[PDB]
Amino acid sequence: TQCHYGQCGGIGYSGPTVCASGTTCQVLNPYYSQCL
């Protein structure tokens, strides 16, 4: 699971899209999404 403030990823990101428990994948930009 992607860590806090890590890039969970947006469109085109096939890596760890699911953030760790306690963090939410928030889409900031189309391709850039971060675990807040």
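The residue numbers of chain A are those assigned by Swiss-Prot, with the residues present covering 478-513 sequentially.
Recorded method is solution NMR.
The backbone N, Cα and C atoms fix where each Cβ goes, and this holds for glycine too.
The disulfide bond feature in Swiss-Prot is assigned to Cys485-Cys502 (among others). DSSP assigns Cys502 (disulfide bond) to a strand.
DSSP classifies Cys512 (disulfide bond) as strand under the three-state reduction. The feature disulfide bond is assigned by Swiss-Prot to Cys496-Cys512 (among others), with experimental evidence given as support.
On its own chain, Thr478 (O-linked glycosylation site) has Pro493, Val495, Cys496, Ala497, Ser498, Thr500 as residues at least 6 apart in sequence with a Cβ closer than 8 Å to its own Cβ. Among the features that Swiss-Prot reports, O-linked glycosylation site is placed at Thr478 (among others), with the record citing experimental evidence.
The Cβ of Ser491 (O-linked glycosylation site) has 6 other Cβ atoms within 10 Å, all protein chains considered. What Swiss-Prot lists as O-linked glycosylation site is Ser491 (among others).
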For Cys496 (disulfide bond), what is the secondary structure by DSSP, using just helix, strand and coil?
strand
What's the CA-CA gap between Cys502 (disulfide bond) and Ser491 (O-linked glycosylation site) in angstrom, rounded?
14
